[PDB]
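Participant: Dropping the structure in here first, questions after.
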C-alpha cells in the first residue's frame, strides 16, 4: 500500500568556528570523510563526494548486522562559505525510504557560525518518519560539532 | 545578498480519466511533449524525457523576448500508475531561481483520478516566490486537464 508523508524541519546550531571553517568541513572530501559516518558502524571506505553542482555524494552505514543504509546526495546549488543545497535519497537494503531536499545556510554569529539546516522530506510508504529523520539529522550535526572542536586543536 | 525562502504547496485536481491514463500523460515522452509547454512560447523541440529513476527531463520556455527559462528534472521514485517523485531546478537565463522536490500521487476517484501534487521548494535569493510558483503549477495542471480531454476524443 502506497503513501507519502511530507514534512519540513529546521535545525539551527551555533559553532564557534567562522563560516569558512564550517563550510570546509562540509565541502572538503578528506575532511567530511573523517566525521560524516555512522559511529556504531563506520564505513568511510564507502564515502565519496564530488562537491560541485551536479556532483554526487555517497555514504553508507546502518546496523552492523544490516541491512546496509545508503545515502546518496546530488548537489543542486553551492555558494562558497554560504549555502549548500542538495537532494538526497535513503535506501535501507534495496528499499527506498525517502527523498529529501536539504538546504544548509551559514551566517556569521559573532566570530563563529549560525548554521541553519532545512530538510523538506518525502517519506515513502511508511518506511521512515519525520520525527526519526529529524532526530538522526540532529545526531549528524552533533558529529559536525565534535569534528569542528577537534579540528580547531590541530597544528 | 543571499537568502532562501522554503515553502510547500499542495494542488489537488480531479480528472475524469482513470489513473492509468493520467499516468500515461505524465510518463510517456511523446504524449507529454504535446502538452507540457509554454503556450505563449512553445519549445517542444527542446523537450526531452527519460522516464525512469535517475532519468532526466528538460523543457524550455519563458518570454518570447527571453531570457530562456529552463526546467530540469531528475526522477527520484516512480510507482506505475500511482506515484512520481522528481527534483527540479529552474533557470531564467544563466541564473538558478529555485530547486524543488515534487511529488505526484494518483488516487482513484470514481471512474477517474484525484491527482495530488506537492511541491517543496527552495527559492533562491529572492528570484522567485512561493505564490508565483503555485500559480504557475496550477496553469500547468490546467494544460494537463485540456490534454486529457482532447486525448480522450481520439480514435
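With ideal geometry, Cβ positions are generated from the backbone for all residues, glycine too; neighbour counts draw on all protein chains shown. Quick note: the coordinates plus some simple rules give every number you see, no bench work behind them.
Participant: How long, wide and thick is the protein assembly as shown, going by the Cα atoms along their three principal axes, in whole angstroms, largest first?
Facilitator: Ordered largest first, the protein assembly as shown gives principal extents of 75, 50, 27 Å.
Participant: Follow-up. Taking segment B:29-77, how much of its Cα-Cα pair set, in percent, is spaced more than 17 angstrom apart?
Facilitator: Percent of Cα pairs beyond 17 Å in segment B:29-77: 34.
Participant: Any idea what the residue B:154 label distances to the other copies are, label 7 Å down the Cα→Cβ vector, nm, shortest first?
Facilitator: Distances between equivalent label points, in nm: 5.9.
Participant: For segment A:1-51 and segment B:52-128, compute the distance between their C-alpha centroids and round to whole Å.
Facilitator: Value for the Cα centre distance between the two parts: 26 Å.
Participant: Any idea what the residue A:58 label distances to the other copies are, label 7 Å down the Cα→Cβ vector, nm, shortest first?
Facilitator: Reported distances to equivalent positions: 2.5 nm.
Participant: If each label sits 7 angstrom from Cα along the C-beta direction, how far apart, in nm, is residue B:114 from its counterparts in the other copies?
Facilitator: Label-point separations across copies, in nm and ascending: 4.1.
Participant: Three principal axis extents, largest first, for the C-alpha atoms of chain B, in Å?
Facilitator: 52, 30, 27
Participant: Which of B:19, B:63, B:42 moves the most in a Gaussian network model of chain B with Cα springs under 10 Å?
Facilitator: Among B:19, B:63, B:42, the largest mean-square fluctuation in the Gaussian network model of chain B belongs to B:63.
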